[PDB]
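> Sharing work-v2.pdb below, PDB, C-alpha atoms:
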ATOM      1  CA  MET A   1     -82.687   8.396 -58.886  1.00  0.00           C
ATOM      2  CA  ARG A   2     -82.391   8.314 -55.093  1.00  0.00           C
ATOM      3  CA  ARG A   3     -78.758   7.570 -54.275  1.00  0.00           C
ATOM      4  CA  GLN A   4     -77.242   7.110 -50.830  1.00  0.00           C
ATOM      5  CA  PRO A   5     -75.652  10.464 -49.883  1.00  0.00           C
ATOM      6  CA  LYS A   6     -71.893  10.457 -49.416  1.00  0.00           C
ATOM      7  CA  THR A   7     -71.118  12.450 -46.285  1.00  0.00           C
ATOM      8  CA  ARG A   8     -67.686  13.947 -46.852  1.00  0.00           C
ATOM      9  CA  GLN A   9     -66.912  16.075 -43.801  1.00  0.00           C
ATOM     10  CA  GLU A  10     -63.303  16.286 -44.934  1.00  0.00           C
ATOM     11  CA  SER A  11     -62.459  19.967 -45.325  1.00  0.00           C
ATOM     12  CA  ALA A  12     -58.735  20.640 -45.612  1.00  0.00           C
ATOM     13  CA  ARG A  13     -57.378  24.178 -45.370  1.00  0.00           C
ATOM     14  CA  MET A  14     -53.861  25.278 -44.505  1.00  0.00           C
ATOM     15  CA  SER A  15     -53.711  28.788 -43.064  1.00  0.00           C
ATOM     16  CA  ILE A  16     -49.915  28.907 -43.442  1.00  0.00           C
ATOM     17  CA  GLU A  17     -47.497  27.307 -40.992  1.00  0.00           C
ATOM     18  CA  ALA A  18     -44.899  29.980 -40.410  1.00  0.00           C
ATOM     19  CA  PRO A  19     -45.514  33.095 -38.293  1.00  0.00           C
ATOM     20  CA  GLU A  20     -42.627  35.244 -37.056  1.00  0.00           C
ATOM     21  CA  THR A  21     -42.335  33.753 -33.601  1.00  0.00           C
ATOM     22  CA  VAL A  22     -39.460  33.103 -31.220  1.00  0.00           C
ATOM     23  CA  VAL A  23     -39.507  30.247 -28.729  1.00  0.00           C
ATOM     24  CA  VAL A  24     -38.194  31.327 -25.337  1.00  0.00           C
ATOM     25  CA  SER A  25     -37.293  29.551 -22.122  1.00  0.00           C
ATOM     26  CA  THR A  26     -37.697  32.769 -20.158  1.00  0.00           C
ATOM     27  CA  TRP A  27     -41.016  34.489 -19.409  1.00  0.00           C
ATOM     28  CA  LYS A  28     -39.098  37.761 -19.389  1.00  0.00           C
ATOM     29  CA  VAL A  29     -37.638  38.328 -22.830  1.00  0.00           C
ATOM     30  CA  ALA A  30     -35.356  41.032 -24.139  1.00  0.00           C
ATOM     31  CA  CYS A  31     -36.656  42.231 -27.478  1.00  0.00           C
ATOM     32  CA  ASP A  32     -34.654  44.303 -29.959  1.00  0.00           C
ATOM     33  CA  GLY A  33     -35.837  44.853 -33.487  1.00  0.00           C
ATOM     34  CA  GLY A  34     -37.759  42.615 -35.832  1.00  0.00           C
ATOM     35  CA  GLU A  35     -38.268  41.777 -39.483  1.00  0.00           C
ATOM     36  CA  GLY A  36     -38.774  43.902 -42.572  1.00  0.00           C
ATOM     37  CA  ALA A  37     -38.373  47.552 -41.636  1.00  0.00           C
ATOM     38  CA  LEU A  38     -39.603  46.968 -38.092  1.00  0.00           C
ATOM     39  CA  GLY A  39     -36.987  47.847 -35.503  1.00  0.00           C
ATOM     40  CA  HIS A  40     -36.838  49.097 -31.933  1.00  0.00           C
ATOM     41  CA  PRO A  41     -34.327  49.380 -29.026  1.00  0.00           C
ATOM     42  CA  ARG A  42     -33.872  46.714 -26.341  1.00  0.00           C
ATOM     43  CA  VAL A  43     -37.004  46.314 -24.228  1.00  0.00           C
ATOM     44  CA  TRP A  44     -37.947  43.780 -21.580  1.00  0.00           C
ATOM     45  CA  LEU A  45     -41.298  42.081 -21.999  1.00  0.00           C
ATOM     46  CA  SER A  46     -43.179  39.703 -19.733  1.00  0.00           C
ATOM     47  CA  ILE A  47     -45.102  36.742 -21.100  1.00  0.00           C
ATOM     48  CA  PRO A  48     -48.451  36.188 -19.310  1.00  0.00           C
ATOM     49  CA  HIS A  49     -48.270  32.729 -17.747  1.00  0.00           C
ATOM     50  CA  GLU A  50     -51.998  32.164 -18.114  1.00  0.00           C
ATOM     51  CA  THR A  51     -51.884  33.313 -21.726  1.00  0.00           C
ATOM     52  CA  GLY A  52     -48.856  31.441 -23.034  1.00  0.00           C
ATOM     53  CA  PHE A  53     -47.429  34.036 -25.392  1.00  0.00           C
ATOM     54  CA  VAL A  54     -47.070  37.777 -25.902  1.00  0.00           C
ATOM     55  CA  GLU A  55     -46.791  40.028 -28.946  1.00  0.00           C
ATOM     56  CA  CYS A  56     -44.385  42.946 -29.225  1.00  0.00           C
ATOM     57  CA  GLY A  57     -46.073  46.336 -29.024  1.00  0.00           C
ATOM     58  CA  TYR A  58     -43.732  47.637 -31.691  1.00  0.00           C
ATOM     59  CA  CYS A  59     -42.803  44.756 -33.976  1.00  0.00           C
ATOM     60  CA  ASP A  60     -45.107  42.007 -35.224  1.00  0.00           C
ATOM     61  CA  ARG A  61     -42.871  39.241 -33.886  1.00  0.00           C
ATOM     62  CA  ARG A  62     -44.587  37.144 -31.239  1.00  0.00           C
ATOM     63  CA  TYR A  63     -42.799  35.390 -28.383  1.00  0.00           C
ATOM     64  CA  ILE A  64     -43.950  32.175 -26.742  1.00  0.00           C
ATOM     65  CA  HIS A  65     -42.617  29.952 -23.960  1.00  0.00           C
ATOM     66  CA  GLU A  66     -41.339  26.543 -25.075  1.00  0.00           C
ATOM     67  CA  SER A  67     -43.937  24.762 -22.910  1.00  0.00           C
ATOM     68  CA  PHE A  68     -46.815  26.447 -24.729  1.00  0.00           C
ATOM     69  CA  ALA A  69     -45.105  26.025 -28.080  1.00  0.00           C
ATOM     70  CA  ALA A  70     -44.309  22.312 -27.898  1.00  0.00           C
ATOM     71  CA  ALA A  71     -47.958  21.553 -27.177  1.00  0.00           C
ATOM     72  CA  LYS A  72     -49.418  19.271 -29.848  1.00  0.00           C
ATOM     73  CA  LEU A  73     -52.486  21.382 -30.367  1.00  0.00           C
ATOM     74  CA  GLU A  74     -53.740  23.540 -33.226  1.00  0.00           C
ATOM     75  CA  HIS A  75     -52.521  27.049 -32.506  1.00  0.00           C
ATOM     76  CA  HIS A  76     -54.709  28.520 -35.242  1.00  0.00           C
ATOM     77  CA  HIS A  77     -53.513  32.114 -35.190  1.00  0.00           C
ATOM     78  CA  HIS A  78     -51.259  32.675 -38.199  1.00  0.00           C
ATOM     79  CA  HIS A  79     -53.084  35.358 -40.178  1.00  0.00           C
ATOM     80  CA  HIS A  80     -56.368  37.200 -39.795  1.00  0.00           C
TER
END
For the file at hand, write its structure as structure tokens.


Amino acid sequence: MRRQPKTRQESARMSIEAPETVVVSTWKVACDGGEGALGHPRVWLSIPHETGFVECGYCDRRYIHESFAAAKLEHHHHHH
């Protein structure tokens, strides 16, 4: 009854593909509001160049520079 084990390392899981994120060409962005009931006045944020993106301290919308966004890598941070 000894059969040759089939090693299926294929494990597919999609952790969603749509977070509230805006692609910017400027490291300094002017934020103003958000989604749902999240809203705040115009503020100026600075995206860390060695980090790639920055989250708003008020609203859950995250901002990322186009260079870090158009990278064909798995940015696995959609939901925790």

> Any idea what the distance is between atom CA of residue A:24 and atom CA of residue A:62?

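It comes out at 10.5 Å.
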
> Can you pull out the residues contacting residue A:36? Cut-off 12 Å, using only C-alpha atoms, and skip same-chain residues under 5 positions away; I want them as a PyMOL selection string.

chain A and resi 20+59-61

> What are the centre and edge lengths in Å, to one decimal, of the axis-aligned box around all listed atoms of stretch 43-47 of chain A with 8 Å added on each side, as JSON?


{"center_x": -41.1, "center_y": 41.5, "center_z": -22.0, "size_x": 24.1, "size_y": 25.6, "size_z": 20.5}

> Excluding residue A:30 and residues on its chain fewer than 6 positions from it, collect all residues at most 8 Å away from it, counting only C-alpha atoms, and give them as a ChimeraX atom specification.

/A:42-45

> Would you mind reading off the distance between atom CA of residue A:33 and atom CA of residue A:58, one decimal, in Å?

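Those two atoms sit 8.6 Å apart.
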
> Rank nothing, just name the residue among A:10, A:56, A:18, A:75 nearest to residue A:32, using all atoms listed in the file.

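Using all atoms listed in the file, residue A:32 sits closest to A:56.
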
> Written as number ranges by chain, which residues does the PyMOL selection byres ((chain A and resi 19) around 12) give for the file shown?

A: 15-18, 20-23, 35, 55, 60-64, 75-80

> I'd like the interatomic distance between atom CA of residue A:48 and atom CA of residue A:73, to a tenth of an Å.

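Computing the Euclidean distance for atom CA of residue A:48 and atom CA of residue A:73 yields 18.9 Å.
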
> Ranking A:46, A:37, A:28, A:52 by minimum distance to residue A:66 and counting all atoms listed in the file, which one comes first?

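Checking each candidate against residue A:66, we get A:52 as the closest.
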
> Suppose a student applies the PyMOL selection byres ((chain A and resi 27) around 7) to this structure; what residues should they get, written as a list in words?

residues 25, 26, 28, 29, 46, 47 and 65 of chain A

> Counting only C-alpha atoms, figure out which residue out of A:14, A:31, A:6, A:1 gets nearest to residue A:74.

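Among the listed residues, the smallest separation from residue A:74 belongs to A:14.
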